[PDB]
Amino acid sequence: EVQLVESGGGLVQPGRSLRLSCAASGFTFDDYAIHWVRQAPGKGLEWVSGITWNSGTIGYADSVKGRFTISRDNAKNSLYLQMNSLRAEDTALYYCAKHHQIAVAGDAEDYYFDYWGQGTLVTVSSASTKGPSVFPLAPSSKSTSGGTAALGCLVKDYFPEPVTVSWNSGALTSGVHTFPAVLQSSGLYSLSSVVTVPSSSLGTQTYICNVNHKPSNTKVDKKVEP
Amino acid sequence: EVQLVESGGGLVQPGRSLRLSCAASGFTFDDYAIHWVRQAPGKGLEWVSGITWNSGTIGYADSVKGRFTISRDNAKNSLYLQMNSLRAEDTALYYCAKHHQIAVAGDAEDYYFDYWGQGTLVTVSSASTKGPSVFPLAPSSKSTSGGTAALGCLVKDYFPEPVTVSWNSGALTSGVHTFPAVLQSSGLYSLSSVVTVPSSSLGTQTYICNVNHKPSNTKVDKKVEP
Amino acid sequence: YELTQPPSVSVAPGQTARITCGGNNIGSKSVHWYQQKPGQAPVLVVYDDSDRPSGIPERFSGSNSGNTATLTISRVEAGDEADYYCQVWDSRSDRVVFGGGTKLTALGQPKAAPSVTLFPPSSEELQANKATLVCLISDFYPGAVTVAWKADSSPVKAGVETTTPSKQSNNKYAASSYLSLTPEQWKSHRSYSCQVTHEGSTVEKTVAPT
Amino acid sequence: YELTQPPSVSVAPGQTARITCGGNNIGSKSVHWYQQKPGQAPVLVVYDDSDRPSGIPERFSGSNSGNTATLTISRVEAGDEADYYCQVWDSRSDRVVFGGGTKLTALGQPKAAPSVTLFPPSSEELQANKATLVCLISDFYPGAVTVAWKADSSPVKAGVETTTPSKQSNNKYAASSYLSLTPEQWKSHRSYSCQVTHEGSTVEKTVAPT
Amino acid sequence: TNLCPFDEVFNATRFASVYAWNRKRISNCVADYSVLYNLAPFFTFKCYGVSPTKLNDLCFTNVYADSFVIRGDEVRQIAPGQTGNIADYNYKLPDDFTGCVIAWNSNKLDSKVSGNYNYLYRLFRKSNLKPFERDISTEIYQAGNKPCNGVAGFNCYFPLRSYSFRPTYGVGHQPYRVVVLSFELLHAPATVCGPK
Amino acid sequence: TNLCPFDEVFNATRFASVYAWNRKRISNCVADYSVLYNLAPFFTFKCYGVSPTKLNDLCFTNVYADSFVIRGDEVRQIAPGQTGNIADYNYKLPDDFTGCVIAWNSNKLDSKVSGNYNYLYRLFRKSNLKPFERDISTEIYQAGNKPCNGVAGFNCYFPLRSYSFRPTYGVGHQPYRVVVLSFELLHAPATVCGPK
Ligand SMILES: *[C@@H]1O[C@H](CO)[C@@H](O)[C@H](O)[C@H]1NC(C)=O
Ligand SMILES: *[C@@H]1O[C@H](CO)[C@@H](O)[C@H](O)[C@H]1NC(C)=O
């Protein structure tokens, strides 16, 4: 139904600007107020700004006034948020939240969000983007049970973390444990995945680990073999 | 001594502009900060604006900001306060206040007033200026005591109330009690000023009541006789 | 910032007066005090919460607690009834913030009888049409005076009367009263007279017929 | 405005939990609640303190009275462990005030032994100098697991390790570990290994001794 | 019948900015140009091309309703063929316009004693705006000759300034909510008619 | 010995506006032109006429120290023979200027949003200013053809605009405390020498 897809986000130096977008699809982008709300990693939520059905700001926070500017386009079904003079304390997953009510004329201002998105990790630091390095973790011949052998990838050396691993085309929703990354004392990270991988007799997965890294644009489609 | 004479004030229609002035003397008008502070009849005091020795505004109150503008000229010792877009609530007795502690560059900001002025009544209404109707009071020849006399003027029908009635300048300094005015149910005022004048009929013969009304420039020179 | 002063305060001659001013956290900025007698300009009496200017007697002390500043007056005489204001710089908003009014009133002053004086309509004003009459009561300390024009041998109240409220003068009230009801037709001659009433007593002065 | 919530509220999966959100005068303005599983997007729970959206079970209820809004979840289960936030409008400053959410954790869940899976350096990295030996640990409920490294049959911990803190996955914690400080000719001898020691027993799993 | 939605376009909680004015199509309804005079004692009704008493006799197909908040000294600029810092970079009406520009004071609805960056206006722009054009872009304005590289520095300004709305201002600085009711008539069955 | 008051016009709490720039007759003292070199490292020190290396040696009679706050891109206008809006209606320097203009960013203590109207510049004026001329008048400027009363309106422009110095604008719209050190050599015993 409602698909509030959010685009725009990556590594930007302190003091520069970027523009975020939020393409709506499913409802009428002319009667629902849509807001922006950030969430620092493991540090709670925070409200940024918002716009009513008519393009008008419903206010800003106590730390983004004068630096952020929100705009609405009712014809293209897209909400925009301009972020100027970014600092180190603006790194968060910016969400694009809707409003449940239809915004009737005579009522009381009360905004509560009903549909959310996924967000774009807007990291602000002085480091530079690095390219991933996919490696074919070998599914060793240790065979006790049926699917005891597991194969995966070892994506490493990437500073930003909008990393997404795929296996066939954006499919194979079976057991795929994408373990969280870890800052290895150098600013970079390291990802890893593991599948079930039953008895290998050429009737198994296509042996593909699609790694999409946006801030360091590179599409790796390297295969895995025993 | 220090004399902060304040001029440039009278009647102005709602939605107009006047310009006040504060001519200083006796001290150095180059090292003391001078502020503007108003006072309606009663209703306590209120700080309008202020300026430092260098012509830098110390700020405005959150009731006349963006409408007033304080200036300062160090060549000719005088202060200024332009008052654009005057409304009905700006009807007060504006003061010109000095400040001790000439505030060497290394110091904490703190402004207290030690030498005040006399005031300049600024009334903002839609009525028109009227002129006094000075009438001499009759000093009836009674025999209650040795000085059983009472003579004065009967100023009446004047809308603005800055009137400063005075007898023969530098001559009469005895009991000259000037009774306050009254806002009768016609928009105008009325004032009296009776002097004791112990029995001197056909004696001093200095019964001259000078009535000055600034918003009308009607300097009356009425003479009183038995 | 927003200071808070008591609306009024009373004290008898012999005791001490205590005027307080509060705020969010009034403990860092200074609390400067002023004294405004009725009909004059405010004079500073206490600055830096402890000091006093040259001329102010050794009777104006002060203290500044965490959230309350006080102005302690010593032995108070009759010539001390005025309005006192406390000042705060408030460097947060860059605006000198004053306080409310605090009318200190000495309780126990002697009751002074008023002095009424009447002036008949002049000859220069009766030229075309003025016919004005004025009643003046000068020296009486307690207010609440009712100038009832017992004129024309009747309680004239429908006639135009001013009856200005009480005022202050050298620590003693004073008011006035006008009567322009006569349209140059006061030839009725029924003993025009002004009648004041202070607290039960009354003093009256007749008006000349012609 | 400023909302304050308890940093953590735990309850056994037999009774109800009490999540509160108090402010200054939050008795009239509407109080909305949100639920956020670890990793996913915040979902809506009972809003306006008296009604819930479509899909949320009847177990979720709310009540606001004076200075406390209570989100009383009835019959708490394991799948309800999430970060609950409360929302308010605060029409005074034109904002949307959230609060530090509460981590509801169902206390008293069954134990889970972690499963370890070792992956030696891959085939297409020995020609280069990578040295990225990876040690993974599967799902387990009680966190705080320490990865014991057994490199060359000897305790080698001075090398570059990761030891990422435990994270959340369908109410089962999982982590990773990386240590291949070797000169990138890791095939020295004596079966470089990895050990995962939970609270109590320790799990062992090694790789080929080459 | 089906009254046109002139209730949420006029009596709304928060209006639009000058650089992001909102259009709204109003159709398949019967417009009543008489309920507008409940809004504000101070209510100008300047019209162009149509008599203020002729809208209740003609039929249109798509009546559009813009909305923005401008300061007082800037309403006059919302008129066919008039210059100014708002009618050139924010919103310009065509020289041959058929509508009714409506404005009223709103110092009580949206004016807080602080200044809120809620209402913005475009101060710098490359060229003038074409009739009925909205530019929500916020690129750094190059005011000199050196490139800006997306950083607001010397000779590189941010193209949006924020109005200051406080109730203590004069009539020439209090916020004014403005709505431009356009009227177009194409080769199509006219739905928006008058109350018959 | 007696150091000149170079600390009162440089470390003052609040500076003047561009239309009311304050002078200070620095005389009968010993000026040390070295405390204004390392303090405030962001220091544009454009010296016209005199050189910064031979400044601690020459003796002048009355060195005048102006002071005002202008924006950034309008610092280039404080120079001999320069045009614009802040160099012809607010502050004008002679073509034979002999001094050193000194400016430094003050986005920390002068960008108070509570202040803002605390700094004003003149935008409209009949004729250009003379060298070293102050005009603190606030009369309404008649910009059209008909005479204007004491009220604003069409072709009735208030001659003073505000500097909404906010801490979020770019470096081109930030306050700069400009101080001009004019050096005159009139016929009189020169007393303001350098450190001997
Ligand atoms: C705006 O609100 C008032 C009060 O509810 C109402 O009388 C008026 O009709 C409304 N205006 C419009 C244009 O509907
Ligand atoms: C301003 O203050 C600093 C520190 O006290 C000082 O070094 C400097 O000399 C002062 N300003 C000038 C230029 O006199």
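Since chain F takes its numbers from Swiss-Prot, the residues it shows come out as 333-528.
Yeah, the Cβs are placed from backbone N, Cα and C, and that goes for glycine too.
Taking the Cβ of F:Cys361 (disulfide bond) as centre and 10 Å as the limit, one finds 16 other Cβ atoms among all the protein chains shown. Swiss-Prot lists F:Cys336-F:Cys361 (among others) with the feature disulfide bond.
According to Swiss-Prot, the disulfide bond annotation covers F:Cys379-F:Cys432 (among others), on the basis of experimental evidence. In the structure as shown, the Cβ atom of F:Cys432 (disulfide bond) sits within 10 Å of 22 other Cβ atoms.
Under a cutoff of 8 A between CB atoms, and with a sequence separation of 6+ in the same chain, the neighbours of F:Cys525 (disulfide bond) are F:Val362, F:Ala363, F:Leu390, F:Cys391, F:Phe392. Following the DSSP three-state reduction, the secondary structure of F:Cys525 (disulfide bond) is strand. Here Swiss-Prot flags F:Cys391-F:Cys525 (among others) as disulfide bond, drawing on experimental evidence.
What Swiss-Prot records for F:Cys480-F:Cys488 (among others) is disulfide bond. Under the three-state DSSP scheme, F:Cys488 (disulfide bond) falls in the strand class.
According to DSSP, F:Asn343 (N-linked glycosylation site) sits in a coil region rather than a helix or strand. Marked as N-linked glycosylation site by Swiss-Prot: F:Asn343.
Annotation source Swiss-Prot lists region 'Immunodominant HLA epitope recognized by the CD8+' at F:448-456, citing experimental evidence.
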Please report, as numbers and ranges, the same-chain residues at least 6 past the borders of the region 'Immunodominant HLA epitope recognized by the CD8+' (F:448-456) whose CB is under 8 Å from any CB of it. 346, 349-351, 401-402, 417-418, 421-422, 442, 467, 473, 475, 489, 491-498, 507
Rounding to whole Å, the Cα atoms of F:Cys361 (disulfide bond) and F:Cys379 (disulfide bond) are apart by 22
Which residue counts does DSSP give the region 'Immunodominant HLA epitope recognized by the CD8+' (F:448-456) for helix, strand and coil? 0 helix, 3 strand, 6 coil
Around F:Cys480 (disulfide bond), how many other C-beta atoms are within 10 angstroms of its C-beta? 17
Around F:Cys488 (disulfide bond), how many other CB atoms lie within 10 A of its CB? 19
Which of the recorded positions F:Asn343, F:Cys379, F:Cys432, F:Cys488 have a Cβ lying under 8 Å from any Cβ of chain B? F:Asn343
Restricting the recorded positions F:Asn343, F:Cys432, F:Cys480, F:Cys525 to those with Cβ under 6 angstroms from ligand 2 leaves F:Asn343
What is the total of other Cβ atoms whose distance to the Cβ of F:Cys379 (disulfide bond) is within 10 Å? 17
How big is the gap, in Å, between the Cα of F:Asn343 (N-linked glycosylation site) and that of F:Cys480 (disulfide bond), rounded to a whole number? 42
Residue among disulfide-bonded residues F:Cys336, F:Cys480, F:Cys488 with Cα closest to the Cα of F:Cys432 (disulfide bond): F:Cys336
